[PDB]
Amino acid sequence: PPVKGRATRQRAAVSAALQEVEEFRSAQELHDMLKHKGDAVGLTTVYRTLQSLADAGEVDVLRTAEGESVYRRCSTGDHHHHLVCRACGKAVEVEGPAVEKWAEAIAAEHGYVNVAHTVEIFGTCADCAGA
DNA sequence: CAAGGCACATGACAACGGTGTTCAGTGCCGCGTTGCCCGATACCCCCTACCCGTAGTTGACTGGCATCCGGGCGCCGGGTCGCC
Ligand SMILES: [Zn+2]
Ligand SMILES: [Zn+2]
Ligand SMILES: [Zn+2]
């Protein structure tokens, strides 16, 4: 996980933690679990590094209904969209050219030069209903 | 003269006002800690220059050295050969 800044142990640690975790996580709870591992990193430095990763793009970032920015890495680097369970957090990556073609058709119809598409579908998970 | 009808105001009724808290997150901006990058520095190599130890050198050449006295002074102590 190369970073723009000079490599070191702490960014390697947070990158490894993101690698192991395959769920949407917020910065403060990420720091909580990171401290639980025992690295004892600083909150603002964690903020700096995760902002850098979000800028780099290898970690997808979503915004919750409360307004929180939640980050997680995707195995595949191609652009896609994530289906997430609010109760459990199971993030599954799917992509379809139909939505993209729809976006380009709308942009051309309205004469838009460039566009940015953001699509997240929220829904109720299958296993949580069962007890 | 008493009973029945209309005005204004009134006991509650929430919802705005405005401002104060609270979450909580994410930075903002001053204190300290970190990967680089090089640069010099100790430490392997090769070469030869020079220090230092060993071993020969065949006419003959076969016993030295200069001592030491003007203490001085007395005693101890033992040795040492005469003594009868
Ligand atoms: Zn993604
Ligand atoms: Zn898309
Ligand atoms: Zn679920």
# chains A, B, ... in the order shown; residues from 1 in each chain; ligands from 1
$ interface_residues --of "chain B" --to "chain A" --cutoff "12 Å" --atoms "only C-alpha atoms (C1' of nucleotides)" --output "list in words"
residues 23, 24, 25, 26, 27, 28, 34, 35, 36 and 37 of chain B
$ write_last_selection --atoms "C-alpha atoms (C1' of nucleotides)" --output "PDB file, in the first residue's frame"
ATOM      1  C1'  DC B  23     -21.793  14.954  19.648  1.00  0.00           C
ATOM      2  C1'  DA B  24     -18.584  14.121  17.232  1.00  0.00           C
ATOM      3  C1'  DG B  25     -16.023  14.540  13.863  1.00  0.00           C
ATOM      4  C1'  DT B  26     -12.566  16.568  11.500  1.00  0.00           C
ATOM      5  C1'  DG B  27      -9.475  19.142  11.100  1.00  0.00           C
ATOM      6  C1'  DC B  28      -6.082  23.937  12.279  1.00  0.00           C
ATOM      7  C1'  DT B  34       9.972   9.551  11.673  1.00  0.00           C
ATOM      8  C1'  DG B  35      10.970   7.123   6.705  1.00  0.00           C
ATOM      9  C1'  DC B  36      14.135   8.202   3.283  1.00  0.00           C
ATOM     10  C1'  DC B  37      18.785  10.266   0.903  1.00  0.00           C
TER      11       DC B  37
END
$ select_by_dssp --residues "segment 23-129 of chain A" --states "strand (DSSP E)" --output "list in words"
residues 25, 26, 59, 60, 61, 62, 63, 69, 70, 71, 72, 73, 81, 82, 83, 84, 85, 92, 93, 94, 122 and 123 of chain A
$ residues_near_ligand --ligand "ligand 3" --cutoff "10 Å" --atoms "only C-alpha atoms (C1' of nucleotides) and all ligand atoms" --output "PDB file with N, CA, C and O atoms, in the first residue's frame"
ATOM      1  N   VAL A  84     -24.600  -2.538   0.800  1.00  0.00           N
ATOM      2  CA  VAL A  84     -24.188  -2.595   2.199  1.00  0.00           C
ATOM      3  C   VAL A  84     -25.402  -2.874   3.073  1.00  0.00           C
ATOM      4  O   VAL A  84     -26.500  -2.371   2.810  1.00  0.00           O
ATOM      5  N   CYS A  85     -25.197  -3.678   4.115  1.00  0.00           N
ATOM      6  CA  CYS A  85     -26.213  -3.940   5.127  1.00  0.00           C
ATOM      7  C   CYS A  85     -25.956  -3.050   6.336  1.00  0.00           C
ATOM      8  O   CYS A  85     -24.875  -3.102   6.932  1.00  0.00           O
ATOM      9  N   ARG A  86     -26.950  -2.235   6.698  1.00  0.00           N
ATOM     10  CA  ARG A  86     -26.761  -1.298   7.801  1.00  0.00           C
ATOM     11  C   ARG A  86     -26.501  -2.031   9.111  1.00  0.00           C
ATOM     12  O   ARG A  86     -25.646  -1.618   9.904  1.00  0.00           O
ATOM     13  N   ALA A  87     -27.230  -3.122   9.358  1.00  0.00           N
ATOM     14  CA  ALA A  87     -27.071  -3.844  10.615  1.00  0.00           C
ATOM     15  C   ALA A  87     -25.734  -4.575  10.677  1.00  0.00           C
ATOM     16  O   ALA A  87     -25.075  -4.580  11.722  1.00  0.00           O
ATOM     17  N   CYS A  88     -25.316  -5.189   9.568  1.00  0.00           N
ATOM     18  CA  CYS A  88     -24.153  -6.070   9.565  1.00  0.00           C
ATOM     19  C   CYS A  88     -22.948  -5.438   8.875  1.00  0.00           C
ATOM     20  O   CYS A  88     -21.812  -5.618   9.324  1.00  0.00           O
ATOM     21  N   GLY A  89     -23.175  -4.707   7.787  1.00  0.00           N
ATOM     22  CA  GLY A  89     -22.101  -4.048   7.070  1.00  0.00           C
ATOM     23  C   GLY A  89     -21.502  -4.834   5.926  1.00  0.00           C
ATOM     24  O   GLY A  89     -20.429  -4.459   5.438  1.00  0.00           O
ATOM     25  N   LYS A  90     -22.154  -5.904   5.476  1.00  0.00           N
ATOM     26  CA  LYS A  90     -21.623  -6.712   4.382  1.00  0.00           C
ATOM     27  C   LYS A  90     -21.607  -5.882   3.104  1.00  0.00           C
ATOM     28  O   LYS A  90     -22.658  -5.633   2.504  1.00  0.00           O
ATOM     29  N   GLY A 123     -30.618  -1.315   1.661  1.00  0.00           N
ATOM     30  CA  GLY A 123     -31.701  -2.276   1.773  1.00  0.00           C
ATOM     31  C   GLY A 123     -31.548  -3.162   2.986  1.00  0.00           C
ATOM     32  O   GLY A 123     -30.524  -3.153   3.674  1.00  0.00           O
ATOM     33  N   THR A 124     -32.600  -3.938   3.236  1.00  0.00           N
ATOM     34  CA  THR A 124     -32.649  -4.834   4.380  1.00  0.00           C
ATOM     35  C   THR A 124     -32.011  -6.173   4.033  1.00  0.00           C
ATOM     36  O   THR A 124     -32.353  -6.801   3.027  1.00  0.00           O
ATOM     37  N   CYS A 125     -31.082  -6.599   4.881  1.00  0.00           N
ATOM     38  CA  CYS A 125     -30.351  -7.837   4.679  1.00  0.00           C
ATOM     39  C   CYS A 125     -31.256  -9.053   4.876  1.00  0.00           C
ATOM     40  O   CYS A 125     -32.261  -9.011   5.591  1.00  0.00           O
ATOM     41  N   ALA A 126     -30.877 -10.153   4.220  1.00  0.00           N
ATOM     42  CA  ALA A 126     -31.715 -11.347   4.221  1.00  0.00           C
ATOM     43  C   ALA A 126     -31.695 -12.054   5.572  1.00  0.00           C
ATOM     44  O   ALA A 126     -32.752 -12.418   6.102  1.00  0.00           O
ATOM     45  N   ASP A 127     -30.509 -12.258   6.146  1.00  0.00           N
ATOM     46  CA  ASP A 127     -30.379 -13.076   7.347  1.00  0.00           C
ATOM     47  C   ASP A 127     -30.796 -12.355   8.622  1.00  0.00           C
ATOM     48  O   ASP A 127     -31.092 -13.020   9.621  1.00  0.00           O
ATOM     49  N   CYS A 128     -30.829 -11.022   8.617  1.00  0.00           N
ATOM     50  CA  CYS A 128     -31.170 -10.296   9.836  1.00  0.00           C
ATOM     51  C   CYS A 128     -32.647 -10.451  10.175  1.00  0.00           C
ATOM     52  O   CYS A 128     -33.024 -10.436  11.352  1.00  0.00           O
ATOM     53  N   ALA A 129     -33.499 -10.597   9.156  1.00  0.00           N
ATOM     54  CA  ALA A 129     -34.918 -10.823   9.412  1.00  0.00           C
ATOM     55  C   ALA A 129     -35.136 -12.128  10.164  1.00  0.00           C
ATOM     56  O   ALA A 129     -35.957 -12.193  11.088  1.00  0.00           O
ATOM     57  N   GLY A 130     -34.413 -13.178   9.785  1.00  0.00           N
ATOM     58  CA  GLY A 130     -34.495 -14.426  10.516  1.00  0.00           C
ATOM     59  C   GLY A 130     -33.903 -14.303  11.907  1.00  0.00           C
ATOM     60  O   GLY A 130     -33.045 -13.461  12.175  1.00  0.00           O
TER      61      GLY A 130
END
$ residues_around --residues "residue 20 of chain A" --least-positions-apart "5" --cutoff "10 Å" --atoms "only C-alpha atoms (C1' of nucleotides)" --output "JSON, numbers by chain"
{"A": [14, 15, 73]}
$ atom_distance --atom1 "atom CA of residue 63 of chain A" --atom2 "atom CA of residue 97 of chain A"
23.5 Å
$ residues_near_ligand --ligand "ligand 2" --cutoff "8 Å" --atoms "only C-alpha atoms (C1' of nucleotides) and all ligand atoms" --output "ChimeraX atom specification"
/A:79-81,95-97,99-100,117-119
$ closest_atom_pairs --of "chain A" --to "ligand 1" --cutoff "9 Å" --atoms "only C-alpha atoms and all ligand atoms" --output "JSON lines"
{"residue": "A:57", "atom": "CA", "partner": "ligand 1", "partner_atom_place_in_ligand_line": "1 (Zn)", "distance": 8.5}
{"residue": "A:58", "atom": "CA", "partner": "ligand 1", "partner_atom_place_in_ligand_line": "1 (Zn)", "distance": 7.6}
{"residue": "A:59", "atom": "CA", "partner": "ligand 1", "partner_atom_place_in_ligand_line": "1 (Zn)", "distance": 6.4}
{"residue": "A:60", "atom": "CA", "partner": "ligand 1", "partner_atom_place_in_ligand_line": "1 (Zn)", "distance": 4.4}
{"residue": "A:61", "atom": "CA", "partner": "ligand 1", "partner_atom_place_in_ligand_line": "1 (Zn)", "distance": 7.7}
{"residue": "A:72", "atom": "CA", "partner": "ligand 1", "partner_atom_place_in_ligand_line": "1 (Zn)", "distance": 7.6}
{"residue": "A:73", "atom": "CA", "partner": "ligand 1", "partner_atom_place_in_ligand_line": "1 (Zn)", "distance": 6.5}
{"residue": "A:74", "atom": "CA", "partner": "ligand 1", "partner_atom_place_in_ligand_line": "1 (Zn)", "distance": 4.7}
{"residue": "A:75", "atom": "CA", "partner": "ligand 1", "partner_atom_place_in_ligand_line": "1 (Zn)", "distance": 8.0}
{"residue": "A:76", "atom": "CA", "partner": "ligand 1", "partner_atom_place_in_ligand_line": "1 (Zn)", "distance": 7.5}
{"residue": "A:77", "atom": "CA", "partner": "ligand 1", "partner_atom_place_in_ligand_line": "1 (Zn)", "distance": 7.1}
{"residue": "A:78", "atom": "CA", "partner": "ligand 1", "partner_atom_place_in_ligand_line": "1 (Zn)", "distance": 7.7}
{"residue": "A:79", "atom": "CA", "partner": "ligand 1", "partner_atom_place_in_ligand_line": "1 (Zn)", "distance": 6.4}
{"residue": "A:80", "atom": "CA", "partner": "ligand 1", "partner_atom_place_in_ligand_line": "1 (Zn)", "distance": 5.8}
{"residue": "A:81", "atom": "CA", "partner": "ligand 1", "partner_atom_place_in_ligand_line": "1 (Zn)", "distance": 6.4}
{"residue": "A:82", "atom": "CA", "partner": "ligand 1", "partner_atom_place_in_ligand_line": "1 (Zn)", "distance": 6.7}
{"residue": "A:93", "atom": "CA", "partner": "ligand 1", "partner_atom_place_in_ligand_line": "1 (Zn)", "distance": 6.8}
$ atom_distance --atom1 "atom CA of residue 23 of chain A" --atom2 "atom CA of residue 83 of chain A"
11.1 Å
$ select_by_dssp --residues "chain A" --states "helix (DSSP H, G or I)" --output "ChimeraX atom specification"
/A:9-20,27-37,43-56,97-109,126-129
$ write_last_selection --atoms "C-alpha atoms" --output "PDB file, in the first residue's frame"
ATOM      1  CA  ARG A   9       5.447   1.595  10.468  1.00  0.00           C
ATOM      2  CA  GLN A  10       2.238   3.451  11.352  1.00  0.00           C
ATOM      3  CA  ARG A  11       0.863   3.859   7.826  1.00  0.00           C
ATOM      4  CA  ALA A  12       1.787   0.233   7.168  1.00  0.00           C
ATOM      5  CA  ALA A  13      -0.166  -0.726  10.295  1.00  0.00           C
ATOM      6  CA  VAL A  14      -3.308   1.199   9.337  1.00  0.00           C
ATOM      7  CA  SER A  15      -3.080  -0.113   5.763  1.00  0.00           C
ATOM      8  CA  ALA A  16      -2.853  -3.679   7.084  1.00  0.00           C
ATOM      9  CA  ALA A  17      -5.824  -3.036   9.377  1.00  0.00           C
ATOM     10  CA  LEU A  18      -7.835  -1.793   6.394  1.00  0.00           C
ATOM     11  CA  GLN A  19      -6.718  -4.868   4.439  1.00  0.00           C
ATOM     12  CA  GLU A  20      -7.961  -7.257   7.131  1.00  0.00           C
ATOM     13  CA  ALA A  27     -12.394   7.034  11.540  1.00  0.00           C
ATOM     14  CA  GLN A  28     -13.035   7.080  15.293  1.00  0.00           C
ATOM     15  CA  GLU A  29     -14.051   3.425  15.563  1.00  0.00           C
ATOM     16  CA  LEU A  30     -11.116   2.569  13.292  1.00  0.00           C
ATOM     17  CA  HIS A  31      -8.898   4.334  15.822  1.00  0.00           C
ATOM     18  CA  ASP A  32     -10.618   2.433  18.636  1.00  0.00           C
ATOM     19  CA  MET A  33      -9.856  -0.965  17.099  1.00  0.00           C
ATOM     20  CA  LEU A  34      -6.349   0.188  16.135  1.00  0.00           C
ATOM     21  CA  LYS A  35      -5.685   1.069  19.778  1.00  0.00           C
ATOM     22  CA  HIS A  36      -7.190  -2.286  20.770  1.00  0.00           C
ATOM     23  CA  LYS A  37      -4.518  -3.936  18.622  1.00  0.00           C
ATOM     24  CA  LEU A  43      -6.327  10.439  16.005  1.00  0.00           C
ATOM     25  CA  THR A  44      -5.306  13.393  13.831  1.00  0.00           C
ATOM     26  CA  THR A  45      -2.467  11.475  12.171  1.00  0.00           C
ATOM     27  CA  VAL A  46      -4.908   8.662  11.407  1.00  0.00           C
ATOM     28  CA  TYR A  47      -7.132  11.360   9.898  1.00  0.00           C
ATOM     29  CA  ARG A  48      -4.287  12.651   7.726  1.00  0.00           C
ATOM     30  CA  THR A  49      -3.373   9.214   6.415  1.00  0.00           C
ATOM     31  CA  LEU A  50      -6.940   8.078   5.686  1.00  0.00           C
ATOM     32  CA  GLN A  51      -7.656  11.370   3.917  1.00  0.00           C
ATOM     33  CA  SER A  52      -4.570  10.665   1.812  1.00  0.00           C
ATOM     34  CA  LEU A  53      -5.829   7.159   0.985  1.00  0.00           C
ATOM     35  CA  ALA A  54      -9.275   8.501   0.076  1.00  0.00           C
ATOM     36  CA  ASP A  55      -7.591  10.990  -2.255  1.00  0.00           C
ATOM     37  CA  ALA A  56      -5.483   8.187  -3.753  1.00  0.00           C
ATOM     38  CA  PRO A  97     -22.764  -0.642 -17.802  1.00  0.00           C
ATOM     39  CA  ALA A  98     -26.478   0.193 -18.097  1.00  0.00           C
ATOM     40  CA  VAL A  99     -26.391   2.836 -15.354  1.00  0.00           C
ATOM     41  CA  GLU A 100     -23.237   4.359 -16.842  1.00  0.00           C
ATOM     42  CA  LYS A 101     -24.781   4.545 -20.318  1.00  0.00           C
ATOM     43  CA  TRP A 102     -27.859   6.124 -18.730  1.00  0.00           C
ATOM     44  CA  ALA A 103     -25.640   8.754 -17.092  1.00  0.00           C
ATOM     45  CA  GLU A 104     -23.825   9.563 -20.344  1.00  0.00           C
ATOM     46  CA  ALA A 105     -27.121   9.752 -22.242  1.00  0.00           C
ATOM     47  CA  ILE A 106     -28.535  12.187 -19.678  1.00  0.00           C
ATOM     48  CA  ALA A 107     -25.358  14.285 -19.760  1.00  0.00           C
ATOM     49  CA  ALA A 108     -25.423  14.465 -23.565  1.00  0.00           C
ATOM     50  CA  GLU A 109     -29.153  15.250 -23.639  1.00  0.00           C
ATOM     51  CA  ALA A 126     -31.715 -11.347   4.221  1.00  0.00           C
ATOM     52  CA  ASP A 127     -30.379 -13.076   7.347  1.00  0.00           C
ATOM     53  CA  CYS A 128     -31.170 -10.296   9.836  1.00  0.00           C
ATOM     54  CA  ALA A 129     -34.918 -10.823   9.412  1.00  0.00           C
TER      55      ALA A 129
END
$ atom_distance --atom1 "atom CA of residue 120 of chain A" --atom2 "atom CA of residue 91 of chain A"
11.0 Å
$ decode --residues "segment 8-129 of chain A" --atoms "C-alpha atoms" --output "PDB file, in the first residue's frame"
ATOM      1  CA  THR A   8       6.854   4.076   7.969  1.00  0.00           C
ATOM      2  CA  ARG A   9       5.447   1.595  10.468  1.00  0.00           C
ATOM      3  CA  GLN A  10       2.238   3.451  11.352  1.00  0.00           C
ATOM      4  CA  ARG A  11       0.863   3.859   7.826  1.00  0.00           C
ATOM      5  CA  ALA A  12       1.787   0.233   7.168  1.00  0.00           C
ATOM      6  CA  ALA A  13      -0.166  -0.726  10.295  1.00  0.00           C
ATOM      7  CA  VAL A  14      -3.308   1.199   9.337  1.00  0.00           C
ATOM      8  CA  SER A  15      -3.080  -0.113   5.763  1.00  0.00           C
ATOM      9  CA  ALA A  16      -2.853  -3.679   7.084  1.00  0.00           C
ATOM     10  CA  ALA A  17      -5.824  -3.036   9.377  1.00  0.00           C
ATOM     11  CA  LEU A  18      -7.835  -1.793   6.394  1.00  0.00           C
ATOM     12  CA  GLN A  19      -6.718  -4.868   4.439  1.00  0.00           C
ATOM     13  CA  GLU A  20      -7.961  -7.257   7.131  1.00  0.00           C
ATOM     14  CA  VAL A  21     -11.222  -5.342   7.631  1.00  0.00           C
ATOM     15  CA  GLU A  22     -13.712  -5.809   4.782  1.00  0.00           C
ATOM     16  CA  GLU A  23     -16.517  -3.636   6.179  1.00  0.00           C
ATOM     17  CA  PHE A  24     -17.392   0.049   6.173  1.00  0.00           C
ATOM     18  CA  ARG A  25     -15.736   1.740   9.159  1.00  0.00           C
ATOM     19  CA  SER A  26     -15.600   5.276  10.541  1.00  0.00           C
ATOM     20  CA  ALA A  27     -12.394   7.034  11.540  1.00  0.00           C
ATOM     21  CA  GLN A  28     -13.035   7.080  15.293  1.00  0.00           C
ATOM     22  CA  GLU A  29     -14.051   3.425  15.563  1.00  0.00           C
ATOM     23  CA  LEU A  30     -11.116   2.569  13.292  1.00  0.00           C
ATOM     24  CA  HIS A  31      -8.898   4.334  15.822  1.00  0.00           C
ATOM     25  CA  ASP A  32     -10.618   2.433  18.636  1.00  0.00           C
ATOM     26  CA  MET A  33      -9.856  -0.965  17.099  1.00  0.00           C
ATOM     27  CA  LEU A  34      -6.349   0.188  16.135  1.00  0.00           C
ATOM     28  CA  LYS A  35      -5.685   1.069  19.778  1.00  0.00           C
ATOM     29  CA  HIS A  36      -7.190  -2.286  20.770  1.00  0.00           C
ATOM     30  CA  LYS A  37      -4.518  -3.936  18.622  1.00  0.00           C
ATOM     31  CA  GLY A  38      -2.011  -1.919  20.672  1.00  0.00           C
ATOM     32  CA  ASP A  39      -0.357   0.436  18.167  1.00  0.00           C
ATOM     33  CA  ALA A  40      -1.558   3.539  20.075  1.00  0.00           C
ATOM     34  CA  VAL A  41      -1.575   5.924  17.108  1.00  0.00           C
ATOM     35  CA  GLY A  42      -2.847   9.511  17.187  1.00  0.00           C
ATOM     36  CA  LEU A  43      -6.327  10.439  16.005  1.00  0.00           C
ATOM     37  CA  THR A  44      -5.306  13.393  13.831  1.00  0.00           C
ATOM     38  CA  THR A  45      -2.467  11.475  12.171  1.00  0.00           C
ATOM     39  CA  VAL A  46      -4.908   8.662  11.407  1.00  0.00           C
ATOM     40  CA  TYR A  47      -7.132  11.360   9.898  1.00  0.00           C
ATOM     41  CA  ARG A  48      -4.287  12.651   7.726  1.00  0.00           C
ATOM     42  CA  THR A  49      -3.373   9.214   6.415  1.00  0.00           C
ATOM     43  CA  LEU A  50      -6.940   8.078   5.686  1.00  0.00           C
ATOM     44  CA  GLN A  51      -7.656  11.370   3.917  1.00  0.00           C
ATOM     45  CA  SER A  52      -4.570  10.665   1.812  1.00  0.00           C
ATOM     46  CA  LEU A  53      -5.829   7.159   0.985  1.00  0.00           C
ATOM     47  CA  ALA A  54      -9.275   8.501   0.076  1.00  0.00           C
ATOM     48  CA  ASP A  55      -7.591  10.990  -2.255  1.00  0.00           C
ATOM     49  CA  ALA A  56      -5.483   8.187  -3.753  1.00  0.00           C
ATOM     50  CA  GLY A  57      -8.688   6.263  -4.471  1.00  0.00           C
ATOM     51  CA  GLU A  58      -7.712   2.711  -3.509  1.00  0.00           C
ATOM     52  CA  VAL A  59     -10.229   2.946  -0.622  1.00  0.00           C
ATOM     53  CA  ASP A  60     -13.884   3.669  -1.338  1.00  0.00           C
ATOM     54  CA  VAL A  61     -15.557   6.319   0.821  1.00  0.00           C
ATOM     55  CA  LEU A  62     -19.294   6.574   1.529  1.00  0.00           C
ATOM     56  CA  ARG A  63     -21.346   9.074   3.536  1.00  0.00           C
ATOM     57  CA  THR A  64     -23.918   7.845   6.051  1.00  0.00           C
ATOM     58  CA  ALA A  65     -27.338   9.246   6.914  1.00  0.00           C
ATOM     59  CA  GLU A  66     -25.910  10.853  10.053  1.00  0.00           C
ATOM     60  CA  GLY A  67     -23.268  12.443   7.805  1.00  0.00           C
ATOM     61  CA  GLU A  68     -20.273  10.248   8.614  1.00  0.00           C
ATOM     62  CA  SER A  69     -17.532   9.359   6.151  1.00  0.00           C
ATOM     63  CA  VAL A  70     -16.899   5.600   6.172  1.00  0.00           C
ATOM     64  CA  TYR A  71     -13.985   3.972   4.356  1.00  0.00           C
ATOM     65  CA  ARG A  72     -13.127   0.502   3.105  1.00  0.00           C
ATOM     66  CA  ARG A  73     -10.813  -1.013   0.505  1.00  0.00           C
ATOM     67  CA  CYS A  74     -12.105  -2.819  -2.587  1.00  0.00           C
ATOM     68  CA  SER A  75     -10.350  -5.935  -3.862  1.00  0.00           C
ATOM     69  CA  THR A  76     -10.915  -4.874  -7.489  1.00  0.00           C
ATOM     70  CA  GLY A  77      -9.634  -1.464  -8.559  1.00  0.00           C
ATOM     71  CA  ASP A  78     -12.227  -0.888 -11.279  1.00  0.00           C
ATOM     72  CA  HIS A  79     -15.004   1.580 -10.527  1.00  0.00           C
ATOM     73  CA  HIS A  80     -18.086  -0.072  -9.035  1.00  0.00           C
ATOM     74  CA  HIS A  81     -20.889   0.425  -6.502  1.00  0.00           C
ATOM     75  CA  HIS A  82     -21.293  -1.206  -3.099  1.00  0.00           C
ATOM     76  CA  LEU A  83     -24.369  -2.858  -1.596  1.00  0.00           C
ATOM     77  CA  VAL A  84     -24.188  -2.595   2.199  1.00  0.00           C
ATOM     78  CA  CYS A  85     -26.213  -3.940   5.127  1.00  0.00           C
ATOM     79  CA  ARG A  86     -26.761  -1.298   7.801  1.00  0.00           C
ATOM     80  CA  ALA A  87     -27.071  -3.844  10.615  1.00  0.00           C
ATOM     81  CA  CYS A  88     -24.153  -6.070   9.565  1.00  0.00           C
ATOM     82  CA  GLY A  89     -22.101  -4.048   7.070  1.00  0.00           C
ATOM     83  CA  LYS A  90     -21.623  -6.712   4.382  1.00  0.00           C
ATOM     84  CA  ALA A  91     -20.242  -4.659   1.480  1.00  0.00           C
ATOM     85  CA  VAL A  92     -20.503  -6.387  -1.915  1.00  0.00           C
ATOM     86  CA  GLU A  93     -19.178  -4.721  -5.068  1.00  0.00           C
ATOM     87  CA  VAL A  94     -21.245  -4.827  -8.271  1.00  0.00           C
ATOM     88  CA  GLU A  95     -21.177  -2.767 -11.457  1.00  0.00           C
ATOM     89  CA  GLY A  96     -23.395  -2.477 -14.511  1.00  0.00           C
ATOM     90  CA  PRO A  97     -22.764  -0.642 -17.802  1.00  0.00           C
ATOM     91  CA  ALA A  98     -26.478   0.193 -18.097  1.00  0.00           C
ATOM     92  CA  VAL A  99     -26.391   2.836 -15.354  1.00  0.00           C
ATOM     93  CA  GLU A 100     -23.237   4.359 -16.842  1.00  0.00           C
ATOM     94  CA  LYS A 101     -24.781   4.545 -20.318  1.00  0.00           C
ATOM     95  CA  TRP A 102     -27.859   6.124 -18.730  1.00  0.00           C
ATOM     96  CA  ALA A 103     -25.640   8.754 -17.092  1.00  0.00           C
ATOM     97  CA  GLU A 104     -23.825   9.563 -20.344  1.00  0.00           C
ATOM     98  CA  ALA A 105     -27.121   9.752 -22.242  1.00  0.00           C
ATOM     99  CA  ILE A 106     -28.535  12.187 -19.678  1.00  0.00           C
ATOM    100  CA  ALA A 107     -25.358  14.285 -19.760  1.00  0.00           C
ATOM    101  CA  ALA A 108     -25.423  14.465 -23.565  1.00  0.00           C
ATOM    102  CA  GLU A 109     -29.153  15.250 -23.639  1.00  0.00           C
ATOM    103  CA  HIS A 110     -28.671  18.185 -21.246  1.00  0.00           C
ATOM    104  CA  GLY A 111     -25.407  19.186 -22.940  1.00  0.00           C
ATOM    105  CA  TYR A 112     -23.330  18.625 -19.808  1.00  0.00           C
ATOM    106  CA  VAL A 113     -19.565  18.649 -20.313  1.00  0.00           C
ATOM    107  CA  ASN A 114     -18.474  16.368 -17.455  1.00  0.00           C
ATOM    108  CA  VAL A 115     -20.389  14.535 -14.729  1.00  0.00           C
ATOM    109  CA  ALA A 116     -19.687  12.578 -11.545  1.00  0.00           C
ATOM    110  CA  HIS A 117     -21.937   9.621 -10.720  1.00  0.00           C
ATOM    111  CA  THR A 118     -22.586   8.468  -7.150  1.00  0.00           C
ATOM    112  CA  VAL A 119     -25.063   5.624  -6.605  1.00  0.00           C
ATOM    113  CA  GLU A 120     -25.574   3.707  -3.354  1.00  0.00           C
ATOM    114  CA  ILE A 121     -28.498   1.330  -2.803  1.00  0.00           C
ATOM    115  CA  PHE A 122     -29.540   0.673   0.800  1.00  0.00           C
ATOM    116  CA  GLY A 123     -31.701  -2.276   1.773  1.00  0.00           C
ATOM    117  CA  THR A 124     -32.649  -4.834   4.380  1.00  0.00           C
ATOM    118  CA  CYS A 125     -30.351  -7.837   4.679  1.00  0.00           C
ATOM    119  CA  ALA A 126     -31.715 -11.347   4.221  1.00  0.00           C
ATOM    120  CA  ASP A 127     -30.379 -13.076   7.347  1.00  0.00           C
ATOM    121  CA  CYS A 128     -31.170 -10.296   9.836  1.00  0.00           C
ATOM    122  CA  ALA A 129     -34.918 -10.823   9.412  1.00  0.00           C
TER     123      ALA A 129
END
